[PDB]
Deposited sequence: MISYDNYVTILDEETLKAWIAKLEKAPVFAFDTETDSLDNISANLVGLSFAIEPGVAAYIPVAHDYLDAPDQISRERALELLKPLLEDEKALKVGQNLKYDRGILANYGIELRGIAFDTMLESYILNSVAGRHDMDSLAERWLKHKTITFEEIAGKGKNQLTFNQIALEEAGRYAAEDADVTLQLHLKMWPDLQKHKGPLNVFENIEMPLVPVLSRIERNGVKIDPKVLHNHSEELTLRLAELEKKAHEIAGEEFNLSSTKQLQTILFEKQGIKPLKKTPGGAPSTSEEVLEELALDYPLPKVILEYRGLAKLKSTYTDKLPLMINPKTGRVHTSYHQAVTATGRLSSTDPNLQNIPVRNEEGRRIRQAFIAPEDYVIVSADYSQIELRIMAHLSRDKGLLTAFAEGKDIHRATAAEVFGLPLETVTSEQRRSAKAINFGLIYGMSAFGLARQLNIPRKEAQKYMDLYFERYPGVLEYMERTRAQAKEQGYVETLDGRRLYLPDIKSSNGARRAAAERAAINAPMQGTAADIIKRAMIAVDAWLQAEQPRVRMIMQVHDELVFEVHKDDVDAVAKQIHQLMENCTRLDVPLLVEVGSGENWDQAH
């Protein structure tokens, strides 16, 4: 049990200064902040904690304001004394999710530097799939220690206290422990992170440097027009009502638009084969097949899609506008995906329909402020370019080299015809093959997505490998090492461990084999994207142009650029992204602009 004896609670300047002197001479030290809210931009700093040595940590309360709270060093006074140490790049800090802390300090005009180690990222790089990378999971896994939970000191539910309401000593136990455990986690993980130069490279030159740039992107936020979203919502209400009628009219009587309940009784009772369509989903979607002739499955399908879209983005997004900035601040997660790509929540920018018009209207609500424009920088089919590289296939490589449509170039080879004559259907077949190879799909899967008979798909795949031998060889070679070393790597050294690579369980070992093939391409795309963000942010920081990096979604970086600077800036972003990241993968950056994200997209 952590008691009040473990860690000191600093309530006087003299003591704070004595600690600052020790921190200044420490090789590294844990740093952590506590606030009155999870919302970074509007959160108020309530206290700070530090750990200079395992078991030696302190909590410095500055804004606890409960009834009769003891005198504390003022927030302004503690920060001005701590500022030098915090802004000193030579003073190395260790922390758990330093992105958050860096942000809090920015609310006070303090630029946290010396952001050297993030235990969350140390864990994530050691083994992205070992388990959760939050401090509590980490303490238990590496230290066989159970940390004091936030709920344990603040309570639960709507009546949960905010940190400023917690007693100084209780808060200190929690906060000082955070710092102490963080330092101990570091001391155990950092040595380990050195058994391999690949992961070490990714941690050092990619993950750690990205910490402050993610903070700036999140705190910058994005401008959303709540009027547009609202009109969209109202229109969606009217369209949903109409579709309900169109469905009723195509059939008889009223009824809900739910399968395996009301739909199967209409759809099939009036002809059609019995198996219902599960929302499994992207492998045998019964409703969408029928859609080619049967009108009911078509409107029901469109009904659900719009209803889901309305409640997820049209009705939620406007509620996410932060009253303090008038903008929306998405949460990027740097240590969640198995492959290394950044994830996003509230909102999940990546789940906004890409090839759909309604998705297009959602994006139209993402606007540029007055006298600025939204600029979108996209890495054209970066994963396919990466597979071309990893497979050393002169064919694909040449196709990209001469600027040809790889799907049409591929079709021209698989189907044997001039590139100019390749039809839309052949392009669509090659495209499915290409992107199927990335996710390591089966000839049968290709068929279930192409609506052709099995072995007809197998035919297309055998033709592809004959013409593109390098891709099969890459695949066979990748699955080989996956079983040999238990993991696959990206170009920069990032690893994906594959525990079920020998699962004995067919389904599991199947999955592990698909991940083996995919991770290297998806992970490398991610590494490239992260390196670009770092390079672009560095230019932004150094030159201070009139541009803000506001989003990262899929393989694109989105900015706000002043209308009078678009040309010079577009050129610069372009050169940074395709010429200041990896020089081996043939990269192409497509840059666009407009009044909103949809226009620039």
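Counting from 1 along the deposited sequence, which stretches were left out of the model?
-> Deposited residues absent from the model fall in 280-283 alone.
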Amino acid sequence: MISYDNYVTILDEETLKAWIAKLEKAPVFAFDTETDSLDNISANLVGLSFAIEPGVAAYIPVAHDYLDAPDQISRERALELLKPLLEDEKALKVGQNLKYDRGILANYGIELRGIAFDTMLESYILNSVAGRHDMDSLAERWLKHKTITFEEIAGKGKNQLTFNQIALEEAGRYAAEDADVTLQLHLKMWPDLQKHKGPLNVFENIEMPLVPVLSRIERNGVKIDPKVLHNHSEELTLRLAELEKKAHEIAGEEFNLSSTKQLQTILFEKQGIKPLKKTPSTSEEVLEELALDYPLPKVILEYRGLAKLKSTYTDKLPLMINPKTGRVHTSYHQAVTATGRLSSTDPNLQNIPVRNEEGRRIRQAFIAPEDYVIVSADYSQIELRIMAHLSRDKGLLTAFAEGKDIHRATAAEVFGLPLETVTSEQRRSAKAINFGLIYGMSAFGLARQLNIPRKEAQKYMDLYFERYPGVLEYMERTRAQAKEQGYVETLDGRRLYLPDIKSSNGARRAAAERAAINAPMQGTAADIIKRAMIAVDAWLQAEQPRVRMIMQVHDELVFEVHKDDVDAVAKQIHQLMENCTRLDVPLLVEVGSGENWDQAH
From here on, numbers count along this sequence of modelled residues.
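Just so we're on the same page, rigid core means the largest C-alpha set that superposes within 1.5 Å between forms.
inquiry  = Quick check: by Cα RMS after rigid core superposition, does 450-458 or 293-301 differ more from this form in 7 other deposited structures of this protein?
reply    = If we average over structures and residues in 7 other deposited structures of this protein, the farther stretch is 293-301.
Core-fitted comparison in 7 other deposited structures of this protein, 282-290 vs 256-264, farther C-alphas = Larger mean C-alpha displacement, comparing 282-290 and 256-264 in 7 other deposited structures of this protein, is found in 282-290.
So, looking at the entry's B-factor column for Cα atoms, which has the higher mean, 34-42 or 58-66? The stretch with the larger mean CA B-factor is 34-42.
task = Would you determine, from the values in the PDB entry, which of 167-175 and 225-233 has the greater average C-alpha temperature factor?
result = Averaging CA B-factors over each stretch, the winner is 225-233.
Can you tell me which of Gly326, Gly445, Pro318, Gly493 has the maximum CA B-factor listed in the PDB entry? Result of the comparison over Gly326, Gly445, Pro318, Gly493: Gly445.
Which of these, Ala91, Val354, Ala525, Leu210, has its C-alpha atom at the highest B-factor, as the entry lists it?
Top of the list by C-alpha B-factor: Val354.
Quiz item: Lowest, middle or highest third: where is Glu556 by Cα B-factor in its chain?
Solution: For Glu556, whose C-alpha B-factor we compare with every modelled residue in the chain, the answer is the middle third.
**OP:** Tell me, lowest, middle or highest third: where does the Cα B factor of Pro275 rank within its chain?
**Re:** Within its chain, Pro275 is a highest-third residue by C-alpha B-factor, going by the deposited values.
- Taking the chain's C-alpha temperature factors as the reference, tell me which third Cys580 falls into: lowest, middle or highest. CA B-factor rank for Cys580: highest third.
How does the C-alpha B factor of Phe268 compare with the rest of the chain: lowest, middle or highest third? It falls in the top third of the chain.
Lowest, middle or highest third: which one holds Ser123 when the chain's residues are ordered by CA B-factor from the entry? Ranked within chain, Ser123 CA B lands in the lowest tercile.
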